[PDB]
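One chain comes next, on its own, written out as structure tokens in the form deposited in one PDB entry.
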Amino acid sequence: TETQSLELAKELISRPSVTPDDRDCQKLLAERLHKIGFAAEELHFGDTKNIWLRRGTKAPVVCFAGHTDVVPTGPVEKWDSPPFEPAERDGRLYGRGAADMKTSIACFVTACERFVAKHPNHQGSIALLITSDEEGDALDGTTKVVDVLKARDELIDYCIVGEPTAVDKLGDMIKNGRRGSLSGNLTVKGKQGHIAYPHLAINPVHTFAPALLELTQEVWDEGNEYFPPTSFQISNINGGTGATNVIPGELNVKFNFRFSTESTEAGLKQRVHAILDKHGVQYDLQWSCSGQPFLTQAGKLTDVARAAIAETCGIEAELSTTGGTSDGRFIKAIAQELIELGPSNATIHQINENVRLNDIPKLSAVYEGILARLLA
């Protein structure tokens, strides 16, 4: 069984690339892929490093997308082994970035190496889009690489984002899309006054109550074959001066939508306003959208990934759009078809982050199988 993937993963994890620091990870990757005909293009913005590695000049273009940065280790004393010294233990590889997502990068690199050796005259092109800021605000990250590629008409046919997607076993889940995120900051206005003279006041908690119930019980959409129903959740609610004999003058409420393709920004906003207004609520409602939903329908790419996983892992992969989001929300604008595929996301951002040792050669073989099915 191939051990190149594991060795490279350890090498990447050894570098403490906390966001947005890259610690020469992209330099490492460039120099290695240069050995098999990948040309490198640095696209640095601000303090963020990005790189666009590519072998070939013709379509179909297959792209692996990922990030080299990792989230902070947290309390280093709670770690059973140092987060930046990868260790094998109980059939698992422990280290920050072991699951999210340096292992995926290592697996794809070795997949290119084995694939190119078997098919030197493969059709199309293979590319890697690597950023040093995915976990942060990512203003200088993938979004600007995409803008540059879009502007010069360098489009992708198939993209695989190496984010960890597995629930339990490697390959049990593929992401063919994600929800958008629409946050709202609501300030309901009333009129402060002594609690014993309610008629000389307006309790914002009372006025908002009927609207609050309607919002929490609202069915926004029924989802579809790819998405669960659009989800509404209240994160914070705050009103009162601390005094138990005072009616507050205002009430603050912070809520959020994780919405599918069956809903839009405007549709959700107007409905939320209509609910508030028809209950006679007075308020300042301010809005914020951190991401839009994207989707790749079942097709050639999802079928190919599912087939590669069936051959390598021996299990039936399911499609999904649940969870948070990814840089796929930017890349989809230039990628005809895009999926996310990686190891288990159970330990991401947590202490003692890890991945199964046996899952590493498997993931690399899955990537290689996808390349073979698309380019050979």
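By rigid core we mean the largest C-alpha set that fits within 1.5 Å across both forms. Numbers follow the displayed sequence, beginning with 1.
Here the subject shifts to the form deposited in another entry, a form of this protein not shown in this document.
Visitor: Report the residue, chosen from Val76, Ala243, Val167, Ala266, for which the CA moves 2 Å or more between the shown form and the other one after the rigid core is overlaid.
Guide: Once the cores are aligned, the residue moving by 2 Å or more is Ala243.
Visitor: Verify the C-alpha shift of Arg152 between the shown form and the other one: is it 2 Å or more after superposing the core?
Guide: No, because once the rigid core is superposed, the C-alpha of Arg152 moves less than 2 Å between the shown form and the other one.
Visitor: Is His194 one of the residues whose C-alpha moves 2 Å or more between the shown form and the other one after the core fit?
Guide: Passes the 2 Å threshold, so yes.
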